[PDB]
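Given as structure tokens, the chain that follows is alone and in the form deposited in one PDB entry.
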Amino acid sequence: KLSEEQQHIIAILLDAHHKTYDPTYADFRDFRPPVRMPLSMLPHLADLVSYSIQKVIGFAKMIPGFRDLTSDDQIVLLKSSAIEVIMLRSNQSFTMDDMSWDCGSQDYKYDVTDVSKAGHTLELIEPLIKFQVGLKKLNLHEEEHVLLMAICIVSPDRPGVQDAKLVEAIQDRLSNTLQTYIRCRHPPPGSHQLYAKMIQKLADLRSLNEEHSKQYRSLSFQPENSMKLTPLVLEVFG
């Protein structure tokens, strides 16, 4: 079974996600307005990204063991997993009806044309959509969603890490919870290699990250475009 500490970890991660994720998307009215008719969607989406980073930061601080890390290990982990964890948390609004992210209204319904009007090409967007579809098909419990997001943040393989053993032991505690949770709470056939498919998704995110790094560096090459971004977005990415 799931032990008391493992139940504790889950209760924490769920509540931490409930406090950083507003399924009504109310605060979307504060972003620079979307324009759909080049880079005409970069201001609105740069804003949603900047907001999303703040939300991921607030979630990170609630991960049991994250507070034991040094301020520097804390910065390296969040800096490299930011786009990955935002990709993961976006799956909660992604709809397979039309392959898009549906955030309340038609104005905040983003599709492949909107993401391409943010200055990014199909080389990344096609794998991004395929990723969201494969994640949706896993039909994870909200508990599995929060654990995966936590495991993706506390990864010891991220370059610049100092106390790799500490990050490792924090992640193992989250991994074991997840593995136990699938075996105790998740029933067949949905549980079938569900853990291995969840880890595969983490690998698909490493690929999406690496391509993101490239297309971001070319988009932000021209000052006219990094001029449309946010201070936080520029600090996290470059």
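If you superpose the two forms and keep the largest set of C-alpha atoms that fall within 1.5 Å, you have the rigid core. Residues that one form lacks are left out of the comparison. For every residue, the number given is its place in the sequence shown, counted from 1.
Just so it is clear, the following notes concern the form deposited in another entry, a form of the same protein that is not shown.
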>> Against the rigid core, a Cα displacement of 2 Å or more between the shown form and the other one applies to just one of 32, 173, 186, 201. Which?
In response: 186
> So, does residue 215 move by 2 Å or more at the CA between the shown form and the other one, with the core held fixed?
Replying inline: yes
> Against the shown form, C-alpha atoms of residue 156 and residue 192 in that other deposited form: closer or farther, for a change of 3 Å or more?
Replying inline: closer
> Given a CA distance change of at least 3 Å, are residue 189 and residue 176 closer or farther in that other deposited form?
Replying inline: closer
>> Counting only residues modelled in both forms, where do runs of 3+ with a CA shift of at least 2 Å appear between the shown form and the other one, relative to the core?
In response: 185-192, 214-220
